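Trainee: What shape does this take:
(one chain, ligands or ions: 3)
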Amino acid sequence: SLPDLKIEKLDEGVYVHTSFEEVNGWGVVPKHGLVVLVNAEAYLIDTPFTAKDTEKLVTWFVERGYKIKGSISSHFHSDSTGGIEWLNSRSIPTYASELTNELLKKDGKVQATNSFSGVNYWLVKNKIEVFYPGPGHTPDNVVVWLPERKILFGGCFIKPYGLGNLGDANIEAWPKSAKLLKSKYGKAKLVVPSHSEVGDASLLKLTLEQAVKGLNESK
Ligand SMILES: Nc1nc(C(=O)O)c(CCc2ccccc2)s1
Ligand SMILES: [Zn+2]
Ligand SMILES: [Zn+2]
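Mentor: Numbers count the residues shown, from 1 in each chain. Ligands and ions are numbered 1, 2, ... in the order given. There you are, the coordinates:
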């Protein structure tokens, strides 16, 4: 009996969707993703945990005149991919990196129907960019950049106050990856993490600090 899916305007044409799980040992965890509008078309940046919540989310925007053109999953964990099966079931195109789909397959999960590879990928040319900084929270994690309003979705890689679940993490690489991300995206106006509140580009420095600290206090 946890809070319900929330949808909230972040900037013009950019919405944050927040869904909720109770995870043993952590308590209630929020999960943020985005819905990005381009004309009468909406793009999901990460899916909620469940089919149910992905249905709610899609319907919210359809009922407002938008076609759901596709969704992109920042990494293979359920908090980014839990809605792929329902989106596939609706013939909404789903995008994940080639590395994420191979991890979905190995984890016994349904994969995204469209895959991409490389450091930079345009989901929508000059409007929605995907960037791979390196392994960190997971081997596959990517971030999503909106050049318009200078908004960076960092997924579960942006971890300003603690790294979270390290089961699938690479703590060796994470400081390397986080320095790179800070370098590329220092001029972001807004940075959206998966599990804490939106902030500015200082969240990139905080993440780098948390990655260094986790490497150091790993010995
Ligand atoms: N679905 C969930 N993802 C994660 C994750 O680490 O990405 C969870 C751990 C909770 C946590 C999140 C942020 C900072 C500290 C702890 S739960
Ligand atoms: Zn994760
Ligand atoms: Zn997470």
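Trainee: For residue 44, give the beta-bridge partners.
Mentor: Counting by DSSP bridges, residue 44 forms beta bridges with residue 35, residue 71.
Trainee: Could you measure from it over to residue 7?
Mentor: Computed as C-beta to C-beta, to the nearest Å, the residue 44 to residue 7 distance reads 12 Å. To be clear about C-beta, it is placed using only N, CA and C from the backbone, and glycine gets the same treatment.
Trainee: Give me the common contacts of these two.
Mentor: Residues touching both residue 44 and residue 7 comprise 35, 57, with contact defined as C-beta atoms under 8 Å, 6 or more residues apart in numbering.
Trainee: if you count what's nearby, which of these two comes out ahead?
Mentor: residue 44 (27 against 13; other C-beta atoms under 10 Å).
Trainee: isn't residue 54 right up against residue 47?
Mentor: Yes: the criterion here is C-beta atoms under 8 Å, and residue 54 meets it with residue 47 at 5.1 Å.
Trainee: what is in contact with the two at once?
Mentor: Both residue 54 and residue 47 are in contact with 82-83, 87, where contact means C-beta under 8 Å, 6+ apart.
Trainee: Check these against residue 150 and report the nearest one.
Mentor: residue 83 (26.6 Å; C-beta to C-beta).
Trainee: where exactly do the strands run in the chain?
Mentor: Remark: strands assigned in the chain by DSSP state E are 6-11, 14-23, 27-38, 41-45, 67-72, 94-97, 114-116, 120-124, 128-131, 143-146, 151-155, 190-193.
Trainee: Alright, calling it a day.
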